[PDB]
Amino acid sequence: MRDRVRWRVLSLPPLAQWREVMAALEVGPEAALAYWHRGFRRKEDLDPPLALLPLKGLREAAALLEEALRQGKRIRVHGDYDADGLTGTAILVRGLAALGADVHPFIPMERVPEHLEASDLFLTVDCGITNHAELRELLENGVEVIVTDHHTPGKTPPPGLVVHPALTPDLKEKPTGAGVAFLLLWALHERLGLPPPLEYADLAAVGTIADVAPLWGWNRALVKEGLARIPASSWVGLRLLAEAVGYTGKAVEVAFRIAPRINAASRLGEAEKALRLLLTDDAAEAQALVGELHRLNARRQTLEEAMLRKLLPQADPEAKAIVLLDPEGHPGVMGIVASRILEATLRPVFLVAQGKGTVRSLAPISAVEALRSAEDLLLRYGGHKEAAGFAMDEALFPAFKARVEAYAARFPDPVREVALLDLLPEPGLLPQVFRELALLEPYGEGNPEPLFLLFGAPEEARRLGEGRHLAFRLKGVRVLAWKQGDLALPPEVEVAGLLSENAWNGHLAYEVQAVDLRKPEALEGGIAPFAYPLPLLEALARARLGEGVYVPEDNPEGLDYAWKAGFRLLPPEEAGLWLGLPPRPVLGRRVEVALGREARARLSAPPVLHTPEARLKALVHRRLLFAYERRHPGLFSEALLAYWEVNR
């Protein structure tokens, strides 16, 4: 598990593009790197337009709804029960009610006859993509059907009007159920001559974060609009839930504090509670409902901890697959218990409780493809590569366990990657870099917060507690971390951490929150090697032995000791050993390079005149020294190409 983790330094971009990004966006090289990796290049990519995505079927549904409203038809909004489904349902229910629609909600064939008597138009939120047979509402008695969902569409769309992103050719946005609900309300507003329903973007944003959709393009735009409307929401229940959790406008707070409370209600059978919170305009009742979700959340956490405690100490080792059975375990919390086991384990995880099953997988193992490998054993099932679910008679557990364990063995051990943006800059530059990274927010599925690589010997190390937690400094910057089993740092450490702005007592401190920490190891990254870092003393020996060598015109102080000493001086393109850097590229040259220690060459070590693209050259220089000291051919070679260009 803690041996199947790889650290990769992210590639450097072409310097002409790098500079293009720095200029537009107006930022330094570190932030430009992150921006370039996430695809942001014009000032336009940071604030995409929140516009009406032209989904396929959207206009017809909008027309169909206009008709429903004018003709006073009765509408039933049938939504999914997770946060995305509930916020989407609230969007449509509040939205349509505001326009004089006769509309009510409904949240989960045996119910089809109820839907029939109670409704003229049937609106599904984040569901119904493969509910064909329910074609009776369409057939047997004239009930109009509108389907809005974003779950994997079957081989053929179902009856009634369907509004699905993955059914719109081209289109590369990935709106969720709440997002689609939001677009549909928008389309209806266009038809009626009304302005965009921007006040519903907070509800849309919540659902969007909850369903872990990619935070880019439209999704990114939508969330920025919504995160900002939350503090003064038009929905007192959402504003009150957000304050209860100390919301400060950050997407991470939604994903981890707001949506979980809504989901807890649902997973515990009290989903109407969460829905009502989103629909009431009475603050008193809203206040009370927030207490109720707080109690449901606290309950879900309690059960989740008990289950985790019973299960984690089990079938984990190096078992290709983790298949555990907990008979009396609550079905509503096993999904999160699987994820926590999966993370602490880097192995697919299968849980079964009260005849229901959940799967959390990763790497080359498709969660749903494992289940398929043992499908005749299940009563029902379905999912994707990372998450899947099923029902099964617990009697078939051993058969199931073996099947899926055998299936996972058909693959290589999963390996977790940690993506490094770059070396962390000198402490003096941390503030500006942090402010420049700021425009990347909101962080999330789309774009994760960037990590930096700090490297050195830990000083002023001080524990804070009686284990794990500690603090220390690496080359002038304070780093906080949870020493992963051992405490006491090796003589030298490598850290992958978040650059933090820690407010305390009215003053700010910029330091690193380690997400991972370890004894130096081989780093992934760089381009195809051509320059191989060679230690200075080793290089001078060979030079003295008479090897064909190269010493650049700069620092003729060294080029002198060479003449005096009689080195077989040669031009860089033909000598296989360099004691310094040539001014212009020399490729097609598999060579060995040395800088020194006192070497004038080693003066890629002095600072400059900051602020401008001087900060660029400095990042390149820091890199060269790093790759040189770590004897990393790829990173050195890559850093050397960028060095050639930042000097042209």
Side-chain angles (χ1 to χ4, degrees), residues 1 4 80-85 126-127 129-130 150-152 154 210-213 260 263 266-267 300 303-416 445:
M1 32 195 87
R4 279 177 282 129
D80 186 351
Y81 43 55
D82 69 316
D84 187 46
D126 212 25
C127 75
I129 192 58
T130 61
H150 76 147
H151 295 294
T152 287
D211 251 355
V212 190
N263 283 315
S266 167
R267 311 304 191 277
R300 188 272 307 183
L303 299 168
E304 184 188 296
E305 202 60 37
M307 197 185 274
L308 186 290
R309 278 187 72 89
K310 187 190 297 176
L311 274 26
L312 191 64
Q314 287 178 55
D316 279 82
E318 298 268 331
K320 270 55 187 175
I322 289 186
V323 187
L324 309 171
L325 150 68
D326 178 15
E328 294 316 303
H330 194 135
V333 313
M334 31 179 237
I336 287 180
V337 179
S339 292
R340 290 175 77 177
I341 292 172
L342 174 150
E343 224 51 271
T345 234
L346 276 42
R347 298 287 189 183
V349 174
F350 302 71
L351 268 20
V352 166
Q354 286 181 282
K356 312 291 167 56
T358 192
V359 189
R360 287 302 180 267
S361 172
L362 80 168
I365 304 160
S366 174
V368 78
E369 210 71 23
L371 292 205
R372 175 157 296 126
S373 84
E375 74 174 331
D376 65 352
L377 236 40
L378 321 171
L379 297 180
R380 74 198 66 154
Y381 86 115
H384 37 285
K385 269 170 197 174
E386 312 157 70
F390 62 103
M392 176 186 91
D393 188 300
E394 300 188 355
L396 299 169
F397 190 69
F400 180 74
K401 186 177 186 294
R403 199 68 63 80
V404 321
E405 295 186 324
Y407 178 76
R410 271 172 58 189
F411 304 81
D413 294 355
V415 63
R416 202 172 61 84
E445 185 51 38

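Quick note: residue numbers are just sequence positions, from 1. Values reported hereafter were calculated over all heavy atoms of this structure, with side chains retained and with hydrogens, waters and symmetry mates removed.
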Completion exercise
Exactly one of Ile336, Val337, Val333 clears side chain to side chain contact (heavy atoms under 4.5 Å, CB included) with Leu303, and that residue is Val333
Practice task
Identify the two heavy atoms, one from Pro414 and one from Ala363, that lie closest to each other, and give their separation to 0.1 Å.
Solution key: CB-CB, 3.2 Å
Problem - Atom OH of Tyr407: over 12 foreign heavy atoms under 6.0 Å - result: yes
Practice task
Answer whether the closest heavy-atom distance between the side chains of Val404 and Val359 falls below 4.5 Å.
Solution key: no
Exercise for the section: Spell out, as yes or no, whether a donor-acceptor pair under 3.5 Å connects the side chain of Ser266 to the backbone of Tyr81. Expected result: yes
Problem - salt bridge (charged side-chain N to carboxylate O under 4.0 Å, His left out) between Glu343 and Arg416, worked out - result: CA-CA 10 Å; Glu343 224 51 271; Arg416 202 172 61 84; 5.0 Å; no
Handout entry: Aromatic ring proximity, centroids under 6.0 angstrom, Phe390 and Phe400
Key = yes
Practice task
Give the minimum heavy-atom separation between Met392 and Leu379, together with the two atoms involved.
Solution key: CA-CG, 4.3 Å
Exercise for the section: Nearest 0.5 Å please: distance from the OG1 atom of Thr345 over to the CD atom of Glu318. Expected result: 8.5 Å
Exercise for the section: Could you check if a side-chain atom of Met1 sits within less than 4.5 angstrom of a side-chain atom of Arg347, using non-hydrogen atoms only? Expected result: no
Practice task
Could you tell me whether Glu369 and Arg372 make a salt bridge, using a distance below 4.0 angstrom between a side-chain N and a carboxylate O?
Solution key: yes
Problem - Gap separating the CG atom of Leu362 from the CG atom of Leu342, nearest 0.5 angstrom - result: 5.0 Å
Problem - Considering all heavy atoms, the nearest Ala367-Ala388 contact - result: CB-CB, 3.9 Å
Problem - Any donor-acceptor N/O pair, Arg4 side chain to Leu346 backbone, under 3.5 Å - result: yes
Handout entry: Check: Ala83 main-chain N/O paired with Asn263 side-chain donor or acceptor under 3.5 Å
Key = yes
Practice task
May I ask you to decide if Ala213's main-chain N or O and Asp211's side chain share a donor-acceptor pair within less than 3.5 Å?
Solution key: no
Practice task
Could you check if a side-chain atom of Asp82 sits within less than 4.5 angstrom of a side-chain atom of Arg267, using non-hydrogen atoms only?
Solution key: yes
Exercise for the section: Of all the heavy-atom pairs spanning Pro313 and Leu308, show the shortest one and how long it is. Expected result: CD-O, 4.0 Å
Fill in the blank from the handout: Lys320 and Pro348 have their tightest heavy-atom pair at O-CD, 3.5 Å
Exercise for the section: Mark yes or no for whether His384, through its side chain, and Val368, through its backbone, hold a donor-acceptor pair below 3.5 Å. Expected result: no
Problem - Side-chain heavy atoms of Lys310 within contact of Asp326, under 4.5 Å - result: yes
Practice task
Evaluate whether atom CD of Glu405 has more than 12 neighbouring non-hydrogen atoms of other residues, nucleotides or ligands under 6.0 angstrom away.
Solution key: yes
Exercise for the section: Give a yes or no answer on whether the side chain of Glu394 reaches the backbone of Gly355 with a donor-acceptor pair at less than 3.5 Å. Expected result: yes
Problem - Side chains of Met334 and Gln354 in contact at under 4.5 Å (non-hydrogen atoms) - result: no
Fill in the blank from the handout: Between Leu311 and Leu351 the two heavy atoms that sit nearest each other are CD2-CG, 4.1 Å
Practice task
Would you check if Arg403 and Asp376 make a side-chain contact, meaning some heavy-atom pair closer than 4.5 Å?
Solution key: yes
